[PDB]
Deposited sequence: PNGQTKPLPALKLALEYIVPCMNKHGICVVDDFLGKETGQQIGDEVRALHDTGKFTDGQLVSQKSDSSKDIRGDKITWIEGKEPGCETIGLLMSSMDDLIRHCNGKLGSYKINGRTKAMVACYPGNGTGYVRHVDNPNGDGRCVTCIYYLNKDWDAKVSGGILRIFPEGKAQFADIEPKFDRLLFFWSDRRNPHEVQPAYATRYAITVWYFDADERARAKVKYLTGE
């Protein structure tokens, strides 16, 4: 589907019904591999003589295709104009470009935004080519609040994931046995983000 059709026919009704939406084959193989090359360049540096996080705006040298990813995410969110709950999405974070070690470590269950920090939608893009979660792990488990079911989401290559960032979606990540990368972006609700910012002295 084109971005308009995908947003209105799939992403919007999926998010309002479930709070979780998976889009597969988001950018295609060639672009996905290019993003992987850029991400590995950021994190796979050598040496002279937890996890790794970098925050990317999208116009840094060697990050142009990460920027294309962010523009593509922005395109989908824009076409959701005012249809994602009651939110008015007026901005987002930088891209969190993460490298997660394959050392048998998982991520404890948590809520991204538990206390009204302004973030209403979490977007995650998975860029590890030919990742087989059945063999290598790394599955995301989301527990939508009050539902009888929970969801396991495999970090499949070129997969885009949306979910509500607030207490509706506690989530945990199972351990993995190879290095993997994911890029996360959070979209802000205008009113909540404004309220969260009033406490600061001109300091964001």
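- What the model leaves out of the deposited chain are the segments 1-7, 57-72.
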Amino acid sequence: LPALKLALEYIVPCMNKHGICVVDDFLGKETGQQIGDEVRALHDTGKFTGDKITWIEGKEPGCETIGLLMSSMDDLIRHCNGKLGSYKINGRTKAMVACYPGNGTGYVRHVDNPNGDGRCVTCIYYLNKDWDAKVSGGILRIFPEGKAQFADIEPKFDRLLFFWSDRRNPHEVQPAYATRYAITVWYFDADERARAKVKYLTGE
From here on, numbers count along this sequence of modelled residues.
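Just so we're on the same page, rigid core means the largest C-alpha set that superposes within 1.5 Å between forms.
- The higher RMS C-alpha distance to the shown form in 4 other deposited structures of this protein, out of 7-15 and 191-199, belongs to 191-199, with every structure fitted on the core.
- Displacement analysis by core superposition in 4 other deposited structures of this protein ranks 97-105 above the other of 97-105 and 117-125 in root-mean-square C-alpha distance from the shown form.
- With 167-175 and 61-69 compared on mean CA B-factor from the PDB entry, the stretch scoring higher is 61-69.
- Across the two stretches, 36-44 and 134-142, the PDB entry reports the greater mean Cα temperature factor for 36-44.
- Sorting the modelled residues of the chain by their CA temperature factor places residue 113 in the lowest third.
- Looking at the C-alpha B-factors along this chain, the one for residue 91 belongs to the lowest third.
- When all modelled residues of the chain are sorted by CA temperature factor, residue 122 is found within the lowest third.
- Compared with the other modelled residues of the chain, the Cα B-factor recorded for residue 84 ranks in the middle third.
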